[PDB]
Structures are given as structure tokens and as C-alpha cells.
>>> print(open('target.txt').read())   # compact mmCIF, C-alpha atoms
# COMPACT_ATOMS: atom_id res chain seq x y z
CA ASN A 255 53.79 -64.09 15.54
CA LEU A 256 55.09 -60.55 15.14
CA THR A 257 53.85 -60.17 11.59
CA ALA A 258 50.51 -61.53 12.75
CA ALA A 259 50.27 -58.81 15.38
CA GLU A 260 51.39 -56.26 12.84
CA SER A 261 48.54 -57.42 10.62
CA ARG A 262 46.08 -57.17 13.50
CA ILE A 263 47.18 -53.56 13.84
CA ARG A 264 47.26 -52.69 10.16
CA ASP A 265 45.19 -55.24 8.23
CA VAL A 266 41.98 -53.83 6.85
CA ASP A 267 38.97 -56.10 7.01
CA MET A 268 37.93 -55.33 3.48
CA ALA A 269 34.61 -56.99 4.19
CA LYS A 270 33.89 -54.68 7.12
CA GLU A 271 35.33 -51.67 5.41
CA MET A 272 33.33 -52.30 2.24
CA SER A 273 30.10 -52.72 4.17
CA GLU A 274 31.05 -49.45 5.80
CA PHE A 275 31.93 -47.92 2.45
CA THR A 276 28.76 -49.06 0.72
CA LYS A 277 26.93 -47.66 3.71
CA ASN A 278 28.60 -44.28 3.67
CA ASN A 279 28.31 -43.73 -0.07
CA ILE A 280 24.64 -44.54 0.33
CA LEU A 281 24.44 -41.99 3.12
CA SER A 282 25.86 -39.48 0.69
CA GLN A 283 23.15 -40.28 -1.85
CA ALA A 284 20.67 -40.25 1.01
CA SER A 285 21.48 -36.80 2.29
CA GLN A 286 21.65 -35.56 -1.28
CA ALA A 287 18.10 -36.76 -1.74
CA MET A 288 17.28 -34.93 1.47
CA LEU A 289 18.51 -31.72 -0.09
CA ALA A 290 16.54 -32.55 -3.23
CA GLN A 291 13.44 -32.66 -1.04
CA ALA A 292 14.42 -29.74 1.16
CA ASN A 293 14.74 -27.27 -1.65
CA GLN A 294 11.19 -27.97 -2.91
CA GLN A 295 9.31 -25.98 -0.23
CA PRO A 296 10.17 -22.36 -1.17
CA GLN A 297 8.38 -22.82 -4.47
CA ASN A 298 5.23 -23.44 -2.50
CA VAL A 299 6.06 -20.24 -0.66
CA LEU A 300 5.79 -18.66 -4.10
CA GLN A 301 2.40 -20.33 -4.37
CA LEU A 302 1.49 -18.52 -1.17
CA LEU A 303 2.57 -15.29 -2.81
CA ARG A 304 0.72 -16.27 -5.97
CA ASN B 255 23.10 -23.24 15.46
CA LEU B 256 24.37 -19.72 14.83
CA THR B 257 22.94 -19.50 11.34
CA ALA B 258 19.67 -20.81 12.74
CA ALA B 259 19.57 -17.97 15.26
CA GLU B 260 20.54 -15.53 12.55
CA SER B 261 17.58 -16.79 10.54
CA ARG B 262 15.28 -16.42 13.53
CA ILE B 263 16.38 -12.79 13.66
CA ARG B 264 16.26 -12.09 9.94
CA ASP B 265 14.10 -14.72 8.24
CA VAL B 266 10.81 -13.37 6.97
CA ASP B 267 7.83 -15.64 7.39
CA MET B 268 6.60 -15.03 3.89
CA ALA B 269 3.32 -16.65 4.85
CA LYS B 270 2.75 -14.22 7.71
CA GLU B 271 4.09 -11.28 5.80
CA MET B 272 1.92 -12.05 2.77
CA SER B 273 -1.19 -12.39 4.88
CA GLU B 274 -0.17 -9.05 6.32
CA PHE B 275 0.53 -7.67 2.86
CA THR B 276 -2.73 -8.89 1.35
CA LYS B 277 -4.40 -7.36 4.37
CA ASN B 278 -2.75 -3.98 4.10
CA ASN B 279 -3.23 -3.59 0.36
CA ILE B 280 -6.88 -4.39 0.99
CA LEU B 281 -6.93 -1.72 3.67
CA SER B 282 -5.65 0.68 1.06
CA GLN B 283 -8.49 -0.24 -1.29
CA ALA B 284 -10.81 -0.07 1.69
CA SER B 285 -9.94 3.43 2.78
CA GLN B 286 -9.97 4.51 -0.86
CA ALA B 287 -13.54 3.29 -1.07
CA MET B 288 -14.18 5.26 2.09
CA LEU B 289 -13.06 8.40 0.33
CA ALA B 290 -15.18 7.43 -2.66
CA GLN B 291 -18.17 7.41 -0.31
CA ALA B 292 -17.07 10.43 1.72
CA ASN B 293 -16.91 12.77 -1.22
CA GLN B 294 -20.52 12.02 -2.25
CA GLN B 295 -22.26 14.12 0.43
CA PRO B 296 -21.46 17.70 -0.70
CA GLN B 297 -23.43 17.09 -3.88
CA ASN B 298 -26.46 16.56 -1.73
CA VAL B 299 -25.54 19.84 -0.07
CA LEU B 300 -26.00 21.26 -3.56
CA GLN B 301 -29.40 19.58 -3.58
CA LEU B 302 -30.14 21.53 -0.42
CA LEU B 303 -29.16 24.69 -2.25
CA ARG B 304 -31.18 23.56 -5.26
>>> encode(input="target.txt", output="C-alpha cells")
Amino acid sequence: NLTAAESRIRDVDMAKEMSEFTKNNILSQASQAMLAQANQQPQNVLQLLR
Amino acid sequence: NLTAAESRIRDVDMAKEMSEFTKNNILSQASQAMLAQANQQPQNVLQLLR
């Protein structure tokens, strides 16, 4: 019983934590794409200049 | 938030400032044309003399 409760404190649910991981890594790639889009506007400011 | 407010103090609106620039350079050319017209009268004063 004690080791079971220990586990319920400590035991990772690798399923949950890998869904969460997959998610978060994808959020990294996501936000990186958002920068890749964000930085594309000032060039059109140059087009305003010329 | 702070850097945003900084930007709202410092950030040029290149669009606005280029419309303004284009304008003002054209006002230079404008007034220069006005001199180019202004200086053409005294020759007709010579025509009065002869």
C-alpha cells in the first residue's frame, strides 16, 4: 500500500506527460513560425520607402 | 508592456514619416519652382526699359 501511494505521488504518467511534451515542443515550433511570420513586415515597410 | 510603451514613445511610423517626407521634399521642389517663376519678371522690366 505504501509503495502504491509513493507511486501515486511520484509516478509519471508517461502517456500524459508525452502528450504534454509533444504538445509543448509543437508550441515551440508554433511560436517559432510566428516569429518567422512576424519578421516579414518591416521589409514591406521598405517597400513603403521604396 | 514596458518595451511596448517605450516603442510608443520612440517608434517611428515609417509610413507616416515617409508620407511626410515625400510631402516635404516635394514642397522643396515646389518652392524651388516658385523661385524659378519669381525670377522671370525682372526681364520683362527690361522689356519695359527696351
>>> interface_residues(input="target.txt", of="chain B", to="chain A", cutoff="7 Å", atoms="only C-alpha atoms", output="ChimeraX atom specification")
/B:268-269,272
>>> atom_distance(input="target.txt", atom1="CA of residue 259 in chain B", atom2="CA of residue 289 in chain A")
20.6 Å
>>> atom_distance(input="target.txt", atom1="CA of residue 294 in chain A", atom2="CA of residue 264 in chain B")
21.0 Å
>>> atom_distance(input="target.txt", atom1="CA of residue 278 in chain A", atom2="CA of residue 290 in chain A")
18.2 Å
